[PDB]
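For reference, the structure is listed below as structure tokens.
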Number of protein chains: 2
Amino acid sequence: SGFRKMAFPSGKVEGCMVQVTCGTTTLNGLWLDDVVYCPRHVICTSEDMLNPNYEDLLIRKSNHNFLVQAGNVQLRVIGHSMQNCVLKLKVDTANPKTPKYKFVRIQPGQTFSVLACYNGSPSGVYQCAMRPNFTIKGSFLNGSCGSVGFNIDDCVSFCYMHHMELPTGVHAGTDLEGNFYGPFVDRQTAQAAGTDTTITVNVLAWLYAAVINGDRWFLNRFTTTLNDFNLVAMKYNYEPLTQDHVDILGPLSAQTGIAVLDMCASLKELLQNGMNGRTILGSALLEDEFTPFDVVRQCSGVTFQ
Amino acid sequence: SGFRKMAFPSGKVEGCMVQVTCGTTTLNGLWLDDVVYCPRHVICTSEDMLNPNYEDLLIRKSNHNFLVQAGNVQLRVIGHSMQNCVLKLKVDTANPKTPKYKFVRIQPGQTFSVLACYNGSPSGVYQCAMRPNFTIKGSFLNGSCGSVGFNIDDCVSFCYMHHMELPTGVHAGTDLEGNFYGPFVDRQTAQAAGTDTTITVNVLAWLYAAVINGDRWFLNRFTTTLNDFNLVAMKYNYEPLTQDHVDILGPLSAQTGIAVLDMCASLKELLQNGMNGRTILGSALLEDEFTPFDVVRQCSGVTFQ
């Protein structure tokens, strides 16, 4: 029993982090077989980030100017390439700690784990969800660039590499192909993020976990339809709710005896009349970073390699 | 920038988890060199937990009835002993993955990371604090007994092994010597936990992180003394605040320019007049599971081996 925000076990990932240096800046890297992945702005000094031409700056760089330090042992860069916003730093010795990995581009509303690192060393792990506006709300300091977000399946799925922190404090990054989430670019200029809406489908799965774990005073008396719900949600800035969202909620509906539309009616009155200083699962706010799949994993305890 | 609840990297610990079977029950174990540690109630079936005599039941058990499965490879128990509430299952092959470990008994109000496991396999990691009443509020299912709580220094410090879940849903366990935290015993009877008071010193460190990270509307106009504060806290069920707590808050006071007693005055009005539907660091409640040391580790980004 109980419910916590669990991150995935970080052992496989923390064997792949390397220290990447190019000039004065030191950020992290992802060591896969014989290609080291790290943000391409490492070749950039502080003045460069303003209006940098990336194609020209790498030309002024050679194979002997990047230092890939794996703890004690140092690697020798043997070939470099730029994939959108990422450097593939090919090296000589292939990593024996390479796991079954995958490269995935997540969709908004999905959750993963982040191994925050500095100087190539692991410092912490926590769970976060991609916001609909393609940003995240983590804890990143200077030098934590190159920290990776992953999901463990017996396979690791890397889906995020932190690049920059917006002047609003929120964080932005790319996938392991080098393609940013959102409209962001890796230069130090005012880049606008949009309206951040609450993830409705994750909130409804969180309520089901609450019923499984006991907190159920919110089980209301009214019902509602699916247009009636989305009308209320768009006013409270909640994303519209689809039929595929209902199908994803199927197993939770079966286990608890509460129909998906009946739970929506409880949320509708929750939004309109608040929670009244009363908590659900130990929180005074509506949580939107538990996907429906996540609730099943924790309440049923599936494990991994 | 930003602030999250970070757990420690779980790689070192997840190389030490083993599957321990004795009869029908299957729970987890901690594989250190050549001694396997696991709860002593594994020798206990469902009827046994009611009124079990532990000294007699092990006598009816022999070296060939415990199965310590490390993933694929199986170990052969060669010697057994009982240390309070724990089985030391001595085996033949000494674990090559044994790290620099330590055995520590934490004090109430301190925080650590838990690697929740099932059948000897890691399923998640999250951060939790020991409550003053010597319980924890985690996510434990059946078979998650033997899951360990640790702190990483280049040394791991195991401090908790989950044993039982109280009928109130909260969790209880021992240290790696086998000594329970609190008045609890490993039998299935109604065991009473006391008044759970909020950890004041952790709350004050959380406010300092908020000021470092921006949320500061709570910086009040009044001041107060240290008896005046503790009088208000005991009414709101908050533990009394000591001088050693102030000394521990020293570095946070220096970095922010806010005196320790001045922050207490802000909390005093926070407790008396609420937060008014307004958030701090993204929460509508006062958080008491960030120790003062924890706030320094995240805002300054220290790493480990």
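Hydrogens, waters and symmetry mates play no part in the numbers below; they use all other heavy atoms, side chains included. Naming: A, B, ... by sequence-line order, numbering from 1 per chain.
- Atoms NZ and OG, on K137(A) and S1(B) in that order, are 13.0 Å from each other to the nearest 0.5 Å.
- With a 4.5 Å cut-off on side-chain heavy atoms, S123(A) and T303(B) count as touching.
- Residue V302(A) touches chain B through its backbone alone, counting heavy-atom pairs closer than 4.5 Å.
- The local environment of CG in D196(A) is crowded, with over 12 non-hydrogen atoms from other residues, nucleotides or ligands closer than 6.0 Å.
- Using a 4.5 Å cut-off between heavy atoms, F3(A) touches chain B through its backbone atoms (N, CA, C, O) alone.
- Counted within 6.0 Å of CZ on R297(A), heavy atoms from surrounding residues, nucleotides or ligands total more than 12; the atom is thus considered enclosed.
- Of the two parts of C299(A), only the backbone, made up of N, CA, C and O, holds a non-hydrogen atom closer than 4.5 Å to a non-hydrogen atom of chain B.
- Under the side chain to side chain donor-acceptor pair (under 3.5 Å) rule, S139(A) has a single partner from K5(B), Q298(B), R4(B), which is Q298(B).
- Counting all heavy atoms, side chain and backbone alike, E14(A) lies closest to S10(B) at OE2-N, 3.6 Å.
- Highest contact tally toward chain B, considering only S121(A), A7(A), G124(A), is held by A7(A) [criterion: heavy-atom pairs under 4.5 Å].
- Proximity to chain B involves both the backbone and the side chain of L141(A), based on heavy atoms less than 4.5 angstrom apart.
- Interface remark: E165(A) contributes side-chain atoms only to the contact with chain B (heavy atom separation under 4.5 Å).
- Residues of residues 144-164 of chain A lying under 4.5 angstrom from chain B, judged on non-hydrogen atoms, do not exist.
- Between chain A and the options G169(B), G120(B), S113(B), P9(B), the largest number of non-hydrogen pairs under 4.5 Å is found for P9(B).
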